[PDB]
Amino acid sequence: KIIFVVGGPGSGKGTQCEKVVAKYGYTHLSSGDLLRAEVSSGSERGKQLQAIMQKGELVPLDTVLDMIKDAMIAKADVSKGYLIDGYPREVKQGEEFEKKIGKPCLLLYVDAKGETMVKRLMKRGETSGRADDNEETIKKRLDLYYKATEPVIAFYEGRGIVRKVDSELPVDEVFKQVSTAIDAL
């Protein structure tokens, strides 16, 4: 079972995914976490990825998809399903995933307003300092989300597997909608 979780920067994808892990026991893989682990290793690749992420741009498909596949294989013997958080972010990412790994059975669209996202991320940046959570980068991330990631939602509407959750609600209320969608599989 492969669930794609897609939504804008600060929409709440990670938060929902962690609640899914606690209740359903799925494996949460986050493209952003995997990339940041590479940056942390101090590799030369990590330095290149750090520069791209600091600017709010997309890392190349080849690198991100390798790391997702790497992480899925590492968990394959224990997982009863996967939550793929933050991948895909463009239609070609979904297609290559389906070529190289498998088809998703559900896409959870974590839908938040643009203003709400800016506020959440500005607050998180003030708190925890994540280097891409500054105002300029937030704006680029959000603009790129509108442009590149929204057509992913359409693709999977065509496929018939998108379920939208209202991420303007409180966290637990969103999670009731998430749980409905997952229970109905």
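Numbers follow the displayed sequence, beginning with 1.
**Q** Select between 22-30 and 126-134 the stretch whose C-alpha atoms have the higher average B-factor in the entry.
**A** That would be 126-134.
**Q** Quick one: say whether 168-176 or 9-17 has the higher mean Cα B-factor in the deposited entry.
**A** The entry gives the higher C-alpha B-factor average to 168-176.
**Q** Name the one of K69, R120, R45, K55 with the greatest CA B-factor according to the PDB entry.
**A** If I rank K69, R120, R45, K55 by C-alpha B-factor, first place goes to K55.
**Q** Which one, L83, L106, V78, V110, has the peak C-alpha temperature factor per the PDB entry?
**A** Comparing C-alpha B-factors across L83, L106, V78, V110, the maximum falls on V78.
**Q** Quick check on the deposited entry: does the C-alpha B-factor of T63 sit in the lowest, middle or highest third of its chain?
**A** Lowest third of the chain for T63's C-alpha B-factor.
**Q** Lowest, middle or highest third: which one holds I182 when the chain's residues are ordered by CA B-factor from the entry?
**A** CA B-factor rank for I182: middle third.
**Q** Would the CA B-factor of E157 place it in the lowest, middle or highest third of its chain?
**A** Its C-alpha B-factor, which the entry lists for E157, ranks in the lowest third among residues of this chain.
**Q** Which third, lowest, middle or highest, does the CA B-factor of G102 fall in along this chain?
**A** It belongs to the highest third of the chain when residues are ordered by C-alpha B-factor.
**Q** What third of the chain does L35 rank in for C-alpha temperature factor, lowest, middle or highest?
**A** As the PDB entry reports it, the C-alpha B-factor of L35 lands in the lowest third of its chain.
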